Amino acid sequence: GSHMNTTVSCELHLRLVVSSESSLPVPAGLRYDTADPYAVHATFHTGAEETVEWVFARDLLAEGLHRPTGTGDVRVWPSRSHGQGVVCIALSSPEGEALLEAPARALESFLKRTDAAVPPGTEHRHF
């Protein structure tokens, strides 16, 4: 008998930025697992019975609330839209390039709950 994992989750409503004047709604689930303490797992509901799963560095999403960050597949930066603070998530794959807007307040509140489970700087205690 042993403690395998603690999970912190939330549901966010993201916007897929199609154009300057057009966006599509993308419900997303975020999960944090204390057994994988550097990571955040994201499920993007891109269709009724379709999902796309991405893994992010928790520290990249945390930094993305305050300043532009990331190289390679993922670029993150803060901004505002429709009178809300947002985190912009630019994703590159073999398939192509997508731009998503996450509500900053909801993202930050989820990261604060992950910090209560595993304070940043203590991830190594779990490995």
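Quick note: we count residues from 1 along the sequence shown, nothing fancier.
Item checked: Mean C-alpha B-factor comparison - 94-102 and 81-89, higher one -> Comparing 81-89 with 94-102, the higher average CA B-factor belongs to 94-102.
Next item on the list: State which stretch shows the higher mean Cα B factor in the entry: 69-77 or 55-63.
Entry: Taking the mean B-factor of the alpha carbons in each, 69-77 is higher.
Notebook entry, point to check: Among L107, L14, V118, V17, which residue carries the highest C-alpha B-factor recorded in the PDB entry?
Noted result: Largest recorded C-alpha B-factor: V17.
Next item on the list: Determine, from the deposited record, the chain-internal third of the Cα B-factor for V26: lowest, middle or highest.
Entry: For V26, the deposited C-alpha B-factor lands in the middle third.
Next item on the list: State the tercile, meaning the lowest, middle or highest third, of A35 with respect to the CA B-factors recorded for its chain.
Entry: Middle third by C-alpha B-factor.
Notebook entry, point to check: If you rank the chain by CA B-factor, which third does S2 end up in: lowest, middle or highest?
Noted result: Top third by C-alpha B-factor.
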